[PDB]
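For clarity, chains are labelled A, B, C, D, E, F, G, H, I, J, K and L in written order, and residue numbers in each chain start from 1.
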């Protein structure tokens, strides 16, 4: 939950790849299967 | 929940790929299966 | 829940791909199956 | 729930793909199956 | 619930695809099956 | 949950790859299978 | 697309919750945004 | 797409929770954003 | 896509929790963002 | 995509928890972000 | 993608926990970010 | 992707815990960030 920015200037390339992944496939902070008695 | 920006200037390329993924397939903060008694 | 922007200048390319995915398939903040007594 | 913009300038390409997905298939903030007594 | 815009300038391409999906198949904020007593 | 930025100046390259992955496939802080009695 | 059954015998409980969800919020087998030329 | 069954015999409990979820929030087999030329 | 069964005999318990999740939040077999030229 | 079964006989317990999770939050076999030219 | 079974006989216990997790949070076989030219 | 079985006979215990985890949080066979030119 925060800003993403890819600001480009003078670029001359043949292949480029900019990949920002904050959570791709994470049970991040997931309480899975808790039980309390 | 935040801004995304891809501002482009002078670019000369053959292939390019800009992928921003904040949550792709995450049970992020999901309480799954809680039980309390 | 925030702005998305893809502003383009002078671009010369053969293939390009701009993919912004904030939530694609996330039970994000989903309380699934809670029980309290 | 926020603005989307794809403003284009001088572009010369063969294939391009701009995909913004804020929620595609997310039970996002969905309380599913809560029970309280 | 926000503005969408695809403003185009000088574009020369063979295939293009602009897809904005804010909610496609999300029980987003849906309280499903709540019970309180 | 923090800012990402890739601001570019004068770049001349043949291949480039910028990959920021904060959580890719982590049960990060996930309580999985807790039981208390 | 198949049968569901919850047949009950002698049950004595204080809280119970039987939730069968085959597809809740899934773009399941959905071709979204295909393009062919 | 298959049968679900919860057949109950003599049960004496204080809390119980039977949750079958075959697909809850999955882009399962979803071709999202394909492009071919 | 297969059968689920929870057949119960003589059970005496205070808390119980039976959770079968075949796909909960998985882009399972989802081609996301393919491009071919 | 296969059968699940929890068949119960004579059980006397205070807490029990049976959790079968085949895919919970996996981009399992997901081609994410492929590009070919 | 295979059978799961928890068949129970004569059991006398105070706490028990049977957790089968085939994929919980795995980008298992996920090609993430491929590029070919 | 193979069978799981926990078949129980005459058991008398105070605590027991049977946990089978084939992949819990593994980028198992995931090509992450490949680039070819």
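What to note about this one:
What we mean here is this: contacts are C-beta pairs under 8 Å (C-beta built on N, C-alpha and C of every residue); 3 or more make two chains touch, one makes a residue touch a chain.
The interface formed by I-J recurs in D-E: of the pairs listed in D-E, A-K or A-L, only this one shares over half of its residue-numbered contact pairs with it.
Among the pairs A-I and G-H, the greater number of C-beta contacts is found at G-H. Spacing of subunit H relative to subunit L, judged by their CA centroids, is 19 angstrom. Centre to centre, using the average C-alpha position, subunit G and subunit L are separated by 24 Å. Residues of subunit C in contact with two or more other chains: 1-37. Note for the complex: subunit D touches subunit H at residues 14-15, 17, 19, 21, 24-27, 32-33. Subunit C makes touch with subunit J in their complex at residues 14-15, 17, 19. Considering their complex, residues 33, 35, 37 of subunit H touch subunit E. Every residue of subunit H that touches subunit G in the complex is listed here, in rising order: 1-37.
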